[PDB]
């Protein structure tokens, strides 16, 4: 579960996930996933091809060829001051000027970046990779950057979907990719206080796995948990599948330690809730690597749940589903996870008419699950909601960690797709869903796309004040002059539609450099000025120069 220094020995350098897990077309005509890693690994999927064909209007005859490894006569030169490097050596901090390690850490998982990895190359990439293995290591790195006017871009699991690790093309200084993956200890578990003191580089899978050994969990389960890190979550305000029980990352964090050019930020005590001015944890959460390096964090843990249980529900349409979820949030009896899929997604799940589907997960005490389960089904029964079965509800979840591998699959057959999200008020949810799908269909026809896009949505979280909505859109692009421009302009349009229908800039993807142009409207000008003024005091010479946000 620990990320090795040479990441490409385990992970795709040019796509999502593990090397040993990819979708392919099998000796016997159907699609299938290699390796043994997921419940779906090595399992044939009979009707998936037919679906893709009916959905995207392709026949799978047309395959694209992508770079299978790095073209090192297309990577730019590593410029690194020779004295700095002398000093670094004295420290014993593992580092690498290798094109591979460098190019691995130049991108996250935005479509644009995955396309360049496969087809082109980046303008700018890290110059040197460093592996601190503890707080003190990081202190030394930051002090070296001050002395040598270097620039540091921190990286954790590299799962950013906001251009948050892209290197600014015109950044002339030595760029360090400060890689946290070897700084990954559970320092200690505090069984009286129910917290774990961890280092920032630990992944979600590793964190849970280790804790499960003492009988604990965090329950923070972002879909990227296999690679995303504690330090990444804080930085991007991440959200997990069971936030309903465990909380989101702002709910989960009790304490943190942060290395800035100016010094170390940490509160003096481990109180659960204080009143000592604006909460500085919140100046750091969602700071997206622009401020300094998060080395340590204390996070709430919980005893492993007694029992869990899946379910699902059918609604006569999406709208009645939304109404039902709103009523669930109104009674404040959301189960561990509740997710409403529209019809297109329902039909997609089938391959592995206005009718929609919620999937459910319940966990906690055995007795409580069963009460909770009864309440939810009764409420839904009020909205045309009929139980669709406990096993159906397992399929939708078992499926979660393999959806991300299908984007790589779709790219092999000339289909470009991305998911993007927002949060919106309850009273805007239906209109936004309708108007955003429409907007994408339009922006697509007008840019010359043949078959109308695939355009789905799902309610993914519920809140007192509204919901988190996810969209997925994809279109086959064979014939389009500039495929990357069409998609990118359509994405940027669907954002405009989101903002105009009352939805927020991001629920959890964060901002990075993809959504920078809207930030100032999102918060006020003064709002934006205040962040600026924290940047400028913490990092006066802009050493943390990924240029996210501002």
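Heads up, when I say rigid core I mean the largest set of C-alphas that superpose within 1.5 Å between the two forms. Numbering follows the first chain given and starts at 1.
Rigid core superposition in 6 other deposited structures of this protein puts the Cα atoms of one stretch, out of 227-235 and 116-124, farther from the shown form on average, and that stretch is 116-124. Relative to the shown model and aligned on the rigid core, the C-alphas in 6 other deposited structures of this protein deviate most, among 106-114 and 390-398, for 390-398.
Across the other compared structures of the same protein with both neighbouring residues present, residue 50 carries coordinates in every case, with no third of them leaving it out. Notably, residue 384 is never a gap: all other compared entries of this protein, restricted to those modelling both its neighbours, have coordinates for it, so the one-third criterion is not met. Deposited sequence between residue 352 and residue 353: 10 or more residues lack coordinates.
Higher mean CA B-factor, judged across 292-300 and 180-188 from the recorded values: 180-188.
Comparing the deposited coordinates for 492-500 and 46-54, the stretch with the larger average C-alpha B-factor is 46-54.
Per the PDB entry, 444 shows the highest C-alpha temperature factor of the residues 130, 230, 444, 225.
Highest C-alpha temperature factor among 347, 375, 275, 235, as the PDB entry reports it: 347. Remark: residue 21 belongs to the middle third of its chain, ranked by C-alpha B-factor as recorded. Per the PDB record, residue ranking by Cα B-factor puts residue 536 in the lowest third of the chain. Per the PDB record, residue ranking by Cα B-factor puts residue 63 in the highest third of the chain. Ranked by Cα temperature factor within the chain, residue 147 sits in the highest third according to the deposited record. Ranked within its chain, residue 479 lands in the highest third, by CA B factor from the PDB record.
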